[PDB]
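Down below is the structure, laid out as structure tokens.
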Amino acid sequence: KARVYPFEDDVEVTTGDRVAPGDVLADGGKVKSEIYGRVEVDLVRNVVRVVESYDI
Amino acid sequence: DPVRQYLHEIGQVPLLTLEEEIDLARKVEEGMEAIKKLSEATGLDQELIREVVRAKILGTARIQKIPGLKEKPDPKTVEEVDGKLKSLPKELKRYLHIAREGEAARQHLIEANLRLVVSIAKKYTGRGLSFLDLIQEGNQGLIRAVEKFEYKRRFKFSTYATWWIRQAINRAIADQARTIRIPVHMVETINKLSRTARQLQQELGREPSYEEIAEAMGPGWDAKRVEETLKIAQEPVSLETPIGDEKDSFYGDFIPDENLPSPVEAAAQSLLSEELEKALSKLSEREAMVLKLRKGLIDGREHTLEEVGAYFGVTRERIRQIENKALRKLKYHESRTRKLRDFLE
DNA sequence: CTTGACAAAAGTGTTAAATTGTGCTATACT
């Protein structure tokens, strides 16, 4: 369960940290995560995955 | 039951197929080489960036604040190197991510092989150390086996791991089991002794003697040496060890105190000091002062010859003659009163 | 009370022996 966010130029976010809806994902503010959850940066698929969970 | 708890906890995490194993090892090595390449990038040490990445991985604030109250500051030396590694071009960045993933893989690998360790530690009981302790030493030996492993040799990691777990548990028996500390060498020595003793006790039909076991031990081994090593081998005895069928007595409370002066002893020393003080007073002032300078009756220390000569302004020989004379005068008066003729033990 | 001469005792600095601590091993093994 997650929301996918493909990128192009590098990444701001790193594997394992926390993001809130509207927060800035990769490509200098091109893509944002609209959902609460932990974020994993995937090299092979060139993507930023946001798995919904609460930081508790 | 803690054993049930841990066993179930590791029962949760599944095993690893050959594919998973090889892939994880690969990702780990890639992570490490990424750390080295980053060491060529920003010019900082491997374990530095490594422990930083860990600090970003296996917990946020908890890795820093409690390995003891003082290590490397949270807002300061952790975050500044973090931000310094943040400010690099794309390749070094993707290598940062790769490094992190490597660390994670290391963790998982560690878990499945924790199941392995549990098997091995299950083999080693009877120790002088508890089961869970065995498990944990073996687990450290496991982290160790994970670190130095090479998948390129195409060997199942289980074997390499097993050796390291085993050696770690033996390090436990060596460093732990006996109340008193006996270092590795004599531990192995004692083990060999007991083993051989068992062997020739099986052969001869009876327990050996120090001579025959020493000869069975080879060169450099005599009766006194095996007797000595056996003397070291023996364990202390619990002070609470019950004595007789009585429930009111221990072993430890039958132990006397020789460290503490008995009333009779304090009174004896008192009478000695006093009677000596009075037997001293009949001497000349100077010779008495000299004597009590020699004895430690003043500052407690022992003032030689020259020191006394320096304090009274005379030569040391004079001091010598003085004390001899004093001694003999005391010989007379004591030959009379017989008050100090005791204390002779 | 003194002085000088001497060896025995207690010191002081570099070395050898043994002593102890640490790491490593790869069929596979959970």
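Numbering starts fresh at 1 for the residues of each chain in the structure tokens, the chains themselves are lettered A, B, ... in the order given, and ligands are numbered from 1 as they appear.
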Within 12 Å of residue 195 (chain B) using only C-alpha atoms (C1' of nucleotides), minus same-chain residues under 5 positions, as JSON, numbers by chain: {"B": [188, 189, 190, 200, 201, 202, 213, 216, 217]}
For the residues in that selection, give me N, CA, C and O atoms as a PDB file, in the first residue's frame.
ATOM      1  N   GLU B 188      42.167 -22.986  28.047  1.00  0.00           N
ATOM      2  CA  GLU B 188      42.443 -24.046  27.081  1.00  0.00           C
ATOM      3  C   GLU B 188      43.322 -25.126  27.707  1.00  0.00           C
ATOM      4  O   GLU B 188      43.111 -26.324  27.491  1.00  0.00           O
ATOM      5  N   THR B 189      44.303 -24.688  28.492  1.00  0.00           N
ATOM      6  CA  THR B 189      45.200 -25.596  29.197  1.00  0.00           C
ATOM      7  C   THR B 189      44.424 -26.557  30.102  1.00  0.00           C
ATOM      8  O   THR B 189      44.566 -27.780  30.000  1.00  0.00           O
ATOM      9  N   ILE B 190      43.604 -25.988  30.981  1.00  0.00           N
ATOM     10  CA  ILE B 190      42.765 -26.756  31.896  1.00  0.00           C
ATOM     11  C   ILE B 190      41.864 -27.720  31.135  1.00  0.00           C
ATOM     12  O   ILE B 190      41.725 -28.884  31.517  1.00  0.00           O
ATOM     13  N   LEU B 200      42.625 -41.163  29.799  1.00  0.00           N
ATOM     14  CA  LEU B 200      43.393 -42.203  30.479  1.00  0.00           C
ATOM     15  C   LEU B 200      42.684 -42.781  31.706  1.00  0.00           C
ATOM     16  O   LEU B 200      43.085 -43.824  32.220  1.00  0.00           O
ATOM     17  N   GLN B 201      41.638 -42.109  32.181  1.00  0.00           N
ATOM     18  CA  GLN B 201      40.800 -42.704  33.218  1.00  0.00           C
ATOM     19  C   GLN B 201      39.940 -43.783  32.576  1.00  0.00           C
ATOM     20  O   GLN B 201      39.634 -44.799  33.197  1.00  0.00           O
ATOM     21  N   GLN B 202      39.553 -43.552  31.324  1.00  0.00           N
ATOM     22  CA  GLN B 202      38.847 -44.563  30.545  1.00  0.00           C
ATOM     23  C   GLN B 202      39.767 -45.745  30.261  1.00  0.00           C
ATOM     24  O   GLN B 202      39.362 -46.902  30.380  1.00  0.00           O
ATOM     25  N   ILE B 213      49.638 -38.362  34.251  1.00  0.00           N
ATOM     26  CA  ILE B 213      48.892 -37.407  33.441  1.00  0.00           C
ATOM     27  C   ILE B 213      49.837 -36.358  32.858  1.00  0.00           C
ATOM     28  O   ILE B 213      49.661 -35.931  31.719  1.00  0.00           O
ATOM     29  N   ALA B 216      51.488 -37.945  30.033  1.00  0.00           N
ATOM     30  CA  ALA B 216      50.506 -38.044  28.958  1.00  0.00           C
ATOM     31  C   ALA B 216      50.270 -36.689  28.293  1.00  0.00           C
ATOM     32  O   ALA B 216      49.733 -36.616  27.188  1.00  0.00           O
ATOM     33  N   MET B 217      50.673 -35.618  28.972  1.00  0.00           N
ATOM     34  CA  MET B 217      50.521 -34.264  28.447  1.00  0.00           C
ATOM     35  C   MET B 217      51.670 -33.869  27.522  1.00  0.00           C
ATOM     36  O   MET B 217      51.588 -32.866  26.815  1.00  0.00           O
TER      37      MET B 217
END
Rows by chain and residue number, chain C within 8 Å of chain B, shortest pair, only C-alpha atoms (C1' of nucleotides), as a Markdown table:
| residue | atom | partner | partner_atom | distance |
| --- | --- | --- | --- | --- |
| C:1 | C1' | B:318 | CA | 6.5 |
| C:2 | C1' | B:315 | CA | 7.2 |
| C:20 | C1' | B:183 | CA | 6.9 |
| C:25 | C1' | B:163 | CA | 7.3 |
| C:26 | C1' | B:160 | CA | 5.5 |
| C:28 | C1' | B:159 | CA | 6.1 |
| C:29 | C1' | B:158 | CA | 6.3 |
| C:30 | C1' | B:116 | CA | 3.6 |
Let's have the selection written as a short mmCIF file (atom, residue, chain, number, x, y, z; two decimals), in the first residue's frame, with N, CA, C and O atoms (P, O5', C5', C4', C3', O3' and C1' of nucleotides).
data_model
loop_
_atom_site.label_atom_id
_atom_site.label_comp_id
_atom_site.auth_asym_id
_atom_site.auth_seq_id
_atom_site.Cartn_x
_atom_site.Cartn_y
_atom_site.Cartn_z
"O5'" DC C 1 77.51 16.03 71.05
"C5'" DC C 1 78.53 15.07 71.27
"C4'" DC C 1 79.72 15.33 70.36
"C3'" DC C 1 79.50 15.03 68.87
"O3'" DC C 1 80.08 16.07 68.09
"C1'" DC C 1 81.41 13.90 69.64
P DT C 2 79.95 16.07 66.48
"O5'" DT C 2 81.29 15.37 65.98
"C5'" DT C 2 82.52 16.08 66.05
"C4'" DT C 2 83.60 15.37 65.25
"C3'" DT C 2 83.24 15.10 63.79
"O3'" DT C 2 84.19 15.73 62.93
"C1'" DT C 2 84.16 13.16 64.83
P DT C 20 49.13 -14.58 32.82
"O5'" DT C 20 48.27 -13.68 31.82
"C5'" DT C 20 48.25 -12.27 32.00
"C4'" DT C 20 47.69 -11.58 30.78
"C3'" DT C 20 46.33 -12.08 30.31
"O3'" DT C 20 45.52 -10.97 29.94
"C1'" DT C 20 47.80 -12.07 28.52
P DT C 25 39.18 -15.13 8.43
"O5'" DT C 25 39.24 -16.73 8.57
"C5'" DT C 25 40.41 -17.42 8.15
"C4'" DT C 25 40.33 -18.90 8.45
"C3'" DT C 25 39.17 -19.65 7.80
"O3'" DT C 25 39.72 -20.55 6.81
"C1'" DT C 25 39.53 -20.35 10.06
P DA C 26 38.93 -21.88 6.36
"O5'" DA C 26 37.39 -21.47 6.35
"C5'" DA C 26 36.40 -22.41 6.76
"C4'" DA C 26 35.35 -22.65 5.68
"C3'" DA C 26 35.87 -23.25 4.38
"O3'" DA C 26 34.88 -24.12 3.84
"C1'" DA C 26 35.03 -21.04 4.00
P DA C 28 29.20 -24.57 1.23
"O5'" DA C 28 28.03 -25.16 2.14
"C5'" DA C 28 27.31 -26.30 1.70
"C4'" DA C 28 26.52 -26.93 2.84
"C3'" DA C 28 25.78 -25.94 3.72
"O3'" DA C 28 24.44 -26.38 3.89
"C1'" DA C 28 27.02 -27.43 5.05
P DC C 29 23.31 -25.38 4.45
"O5'" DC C 29 22.62 -26.21 5.62
"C5'" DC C 29 23.43 -27.05 6.43
"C4'" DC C 29 22.98 -27.03 7.87
"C3'" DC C 29 22.57 -25.67 8.39
"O3'" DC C 29 21.74 -25.82 9.53
"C1'" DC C 29 24.51 -26.32 9.49
P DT C 30 20.22 -26.31 9.37
"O5'" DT C 30 19.38 -25.24 10.21
"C5'" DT C 30 19.68 -25.02 11.58
"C4'" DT C 30 19.30 -23.60 11.99
"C3'" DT C 30 17.85 -23.23 11.72
"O3'" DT C 30 17.33 -22.48 12.82
"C1'" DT C 30 19.27 -21.67 10.68
#
Option closest in space to residue 39 (chain A), from A:11, A:24, A:5, A:51 [counting only C-alpha atoms]: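 Comparing A:11, A:24, A:5, A:51 against residue 39 (chain A), the winner is A:51.
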Within 9 Å of chain A: residues of chain B, using only C-alpha atoms, as a ChimeraX atom specification: /B:56-57,89-90,93-94,97-98,100-101
Go ahead and save the picked residues with C-alpha atoms, as a tab-separated table (two decimals), in the first residue's frame.
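Writing done, so here's again15.tsv:
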chain	number	residue	atom	x	y	z
B	56	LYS	CA	20.26	7.91	10.19
B	57	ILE	CA	19.03	4.30	9.99
B	89	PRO	CA	26.53	16.07	-6.90
B	90	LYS	CA	24.35	13.21	-8.19
B	93	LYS	CA	24.28	11.00	-3.71
B	94	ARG	CA	23.08	7.77	-5.31
B	97	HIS	CA	21.44	5.89	-0.83
B	98	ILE	CA	23.15	2.65	-1.89
B	100	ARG	CA	22.08	3.04	3.44
B	101	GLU	CA	20.37	0.14	1.67
Got a sec: who's within 12 Å of residue 111 (chain B), counting only C-alpha atoms (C1' of nucleotides), leaving out chain neighbours fewer than 6 positions off, as a PDB file with N, CA, C and O atoms (P, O5', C5', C4', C3', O3' and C1' of nucleotides), in the first residue's frame?
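Everything below was put into out31.pdb:
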ATOM      1  N   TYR B   6      12.116 -14.424  23.012  1.00  0.00           N
ATOM      2  CA  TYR B   6      13.114 -14.215  21.969  1.00  0.00           C
ATOM      3  C   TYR B   6      12.999 -15.232  20.834  1.00  0.00           C
ATOM      4  O   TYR B   6      13.110 -14.876  19.659  1.00  0.00           O
ATOM      5  N   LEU B   7      12.776 -16.494  21.193  1.00  0.00           N
ATOM      6  CA  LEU B   7      12.659 -17.563  20.207  1.00  0.00           C
ATOM      7  C   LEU B   7      11.482 -17.311  19.265  1.00  0.00           C
ATOM      8  O   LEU B   7      11.577 -17.541  18.057  1.00  0.00           O
ATOM      9  N   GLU B   9      10.197 -14.270  18.747  1.00  0.00           N
ATOM     10  CA  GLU B   9      10.546 -13.035  18.047  1.00  0.00           C
ATOM     11  C   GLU B   9      11.392 -13.296  16.806  1.00  0.00           C
ATOM     12  O   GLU B   9      11.176 -12.680  15.763  1.00  0.00           O
ATOM     13  N   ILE B  10      12.357 -14.204  16.919  1.00  0.00           N
ATOM     14  CA  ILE B  10      13.160 -14.581  15.762  1.00  0.00           C
ATOM     15  C   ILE B  10      12.398 -15.579  14.896  1.00  0.00           C
ATOM     16  O   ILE B  10      12.734 -15.790  13.730  1.00  0.00           O
ATOM     17  N   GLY B  11      11.368 -16.192  15.473  1.00  0.00           N
ATOM     18  CA  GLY B  11      10.502 -17.085  14.725  1.00  0.00           C
ATOM     19  C   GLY B  11       9.644 -16.299  13.754  1.00  0.00           C
ATOM     20  O   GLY B  11       9.160 -16.836  12.758  1.00  0.00           O
ATOM     21  N   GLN B  12       9.458 -15.017  14.059  1.00  0.00           N
ATOM     22  CA  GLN B  12       8.692 -14.113  13.204  1.00  0.00           C
ATOM     23  C   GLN B  12       9.382 -13.880  11.856  1.00  0.00           C
ATOM     24  O   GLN B  12       8.781 -14.072  10.798  1.00  0.00           O
ATOM     25  N   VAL B  13      10.645 -13.464  11.904  1.00  0.00           N
ATOM     26  CA  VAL B  13      11.425 -13.236  10.691  1.00  0.00           C
ATOM     27  C   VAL B  13      11.798 -14.559  10.027  1.00  0.00           C
ATOM     28  O   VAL B  13      12.406 -15.425  10.658  1.00  0.00           O
ATOM     29  N   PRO B  14      11.430 -14.717   8.746  1.00  0.00           N
ATOM     30  CA  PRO B  14      11.625 -15.975   8.017  1.00  0.00           C
ATOM     31  C   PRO B  14      13.079 -16.216   7.625  1.00  0.00           C
ATOM     32  O   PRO B  14      13.947 -15.392   7.915  1.00  0.00           O
ATOM     33  N   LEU B  15      13.333 -17.344   6.967  1.00  0.00           N
ATOM     34  CA  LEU B  15      14.667 -17.674   6.485  1.00  0.00           C
ATOM     35  C   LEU B  15      14.984 -16.891   5.219  1.00  0.00           C
ATOM     36  O   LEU B  15      14.226 -16.013   4.813  1.00  0.00           O
ATOM     37  N   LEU B  16      16.112 -17.218   4.598  1.00  0.00           N
ATOM     38  CA  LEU B  16      16.508 -16.565   3.358  1.00  0.00           C
ATOM     39  C   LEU B  16      16.952 -17.576   2.301  1.00  0.00           C
ATOM     40  O   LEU B  16      17.850 -18.386   2.533  1.00  0.00           O
ATOM     41  N   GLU B  21      19.989 -14.385  -0.113  1.00  0.00           N
ATOM     42  CA  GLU B  21      21.291 -14.391   0.544  1.00  0.00           C
ATOM     43  C   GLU B  21      22.348 -13.679  -0.302  1.00  0.00           C
ATOM     44  O   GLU B  21      22.973 -12.701   0.143  1.00  0.00           O
ATOM     45  N   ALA B 104      20.843  -1.685   5.756  1.00  0.00           N
ATOM     46  CA  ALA B 104      19.590  -2.407   6.014  1.00  0.00           C
ATOM     47  C   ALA B 104      19.703  -3.914   5.725  1.00  0.00           C
ATOM     48  O   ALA B 104      19.314  -4.769   6.555  1.00  0.00           O
ATOM     49  N   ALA B 105      20.243  -4.233   4.547  1.00  0.00           N
ATOM     50  CA  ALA B 105      20.464  -5.623   4.151  1.00  0.00           C
ATOM     51  C   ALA B 105      21.275  -6.370   5.204  1.00  0.00           C
ATOM     52  O   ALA B 105      20.937  -7.506   5.587  1.00  0.00           O
ATOM     53  N   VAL B 117      22.291 -18.705  14.921  1.00  0.00           N
ATOM     54  CA  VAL B 117      23.006 -18.540  16.179  1.00  0.00           C
ATOM     55  C   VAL B 117      22.283 -19.238  17.311  1.00  0.00           C
ATOM     56  O   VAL B 117      22.908 -19.901  18.128  1.00  0.00           O
ATOM     57  N   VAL B 118      20.965 -19.087  17.352  1.00  0.00           N
ATOM     58  CA  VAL B 118      20.166 -19.739  18.377  1.00  0.00           C
ATOM     59  C   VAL B 118      20.383 -21.245  18.348  1.00  0.00           C
ATOM     60  O   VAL B 118      20.549 -21.871  19.403  1.00  0.00           O
ATOM     61  N   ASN B 139      25.449 -14.007  18.861  1.00  0.00           N
ATOM     62  CA  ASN B 139      24.870 -12.990  17.991  1.00  0.00           C
ATOM     63  C   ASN B 139      25.890 -11.923  17.621  1.00  0.00           C
ATOM     64  O   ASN B 139      25.921 -11.447  16.483  1.00  0.00           O
ATOM     65  N   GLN B 140      26.718 -11.540  18.586  1.00  0.00           N
ATOM     66  CA  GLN B 140      27.807 -10.618  18.297  1.00  0.00           C
ATOM     67  C   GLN B 140      28.775 -11.268  17.319  1.00  0.00           C
ATOM     68  O   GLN B 140      29.214 -10.642  16.352  1.00  0.00           O
ATOM     69  N   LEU B 142      27.967 -13.246  15.240  1.00  0.00           N
ATOM     70  CA  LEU B 142      27.222 -13.272  13.993  1.00  0.00           C
ATOM     71  C   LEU B 142      27.345 -11.977  13.213  1.00  0.00           C
ATOM     72  O   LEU B 142      27.600 -12.012  12.013  1.00  0.00           O
ATOM     73  N   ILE B 143      27.137 -10.845  13.888  1.00  0.00           N
ATOM     74  CA  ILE B 143      27.400  -9.538  13.288  1.00  0.00           C
ATOM     75  C   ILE B 143      28.821  -9.552  12.734  1.00  0.00           C
ATOM     76  O   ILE B 143      29.075  -9.101  11.604  1.00  0.00           O
ATOM     77  N   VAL B 146      29.059 -11.606   9.587  1.00  0.00           N
ATOM     78  CA  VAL B 146      28.406 -10.876   8.508  1.00  0.00           C
ATOM     79  C   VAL B 146      29.356  -9.847   7.917  1.00  0.00           C
ATOM     80  O   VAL B 146      29.472  -9.724   6.697  1.00  0.00           O
TER      81      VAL B 146
ATOM     82  P    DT C  30      20.216 -26.310   9.370  1.00  0.00           P
ATOM     83  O5'  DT C  30      19.377 -25.241  10.212  1.00  0.00           O
ATOM     84  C5'  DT C  30      19.682 -25.016  11.583  1.00  0.00           C
ATOM     85  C4'  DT C  30      19.302 -23.604  11.990  1.00  0.00           C
ATOM     86  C3'  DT C  30      17.848 -23.225  11.721  1.00  0.00           C
ATOM     87  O3'  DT C  30      17.330 -22.483  12.820  1.00  0.00           O
ATOM     88  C1'  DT C  30      19.268 -21.675  10.681  1.00  0.00           C
TER      89       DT C  30
END
Which of region 43-190 of chain B fall in alpha helix (DSSP H), as a VMD selection string: chain B and resid 46 to 57 62 to 65 79 to 86 90 to 123 131 to 148 157 to 175 184 to 190
Residue neighbourhood residue 38 (chain A), 12 Å, only C-alpha atoms (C1' of nucleotides), exclusion window fewer than 4 positions, as a list in words: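 Here the answer would be residues 1, 2, 3, 13, 14, 15, 16, 17, 18, 19, 20, 21, 33, 48, 49, 50, 51, 52, 53, 54, 55 and 56 of chain A.
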Strand (DSSP E or B) per DSSP on the backbone: members of region 12-46 of chain A, as a list in words: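 DSSP-assigned strand (DSSP E or B) residues in region 12-46 of chain A: residues 18, 19, 23, 24, 32, 33, 37, 38, 39, 40, 41 and 42 of chain A.
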